[PDB]
2 protein chains.
Amino acid sequence: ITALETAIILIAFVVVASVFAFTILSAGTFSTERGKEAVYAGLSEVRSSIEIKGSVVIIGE
Amino acid sequence: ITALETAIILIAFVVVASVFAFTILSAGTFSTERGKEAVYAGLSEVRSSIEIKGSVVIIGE
């Protein structure tokens, strides 16, 4: 009889593998998305800056 | 392939998987500490200089 029952365990191991595979795919997309987001944020930080030109003290009276 | 034997191999693979994971955890902690210690040691050496101020005097006898 080790054939009809053999099918049943076979199906169960397939299903859990597929569901497990489903979750890795979703997790991978999220993780890589955050990675590129950090690089773009870092570059914009360095590029921004400000310079100075002159110094005048006036008096209203 | 009845279910009875299938359980036993399952347990064995989990245990070796667990035991291997524990070793990685401990190993990673040690390596991290040594890397941290190297940076502190390097910084201290660079900042430990000495100067000479004034002239040099010879006392004859």
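Here, each number is a calculation from the coordinates, and none is a lab measurement. Heads up, the Cβs are rebuilt from the backbone with ideal geometry, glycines too, and the neighbour counts pull from every protein chain shown.
See the values below:
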read-out: Largest-first principal axis extents of the Cα set of chain B (Å); value: 103, 22, 10
read-out: Rotation relating A and B, chain B residue nearest the axis via C-beta, angstrom; value: B:1, 0
read-out: Two-site label geometry, residue A:58 and residue B:46: point separation in nm, points 7 Å out along Cα→Cβ; value: 4.7
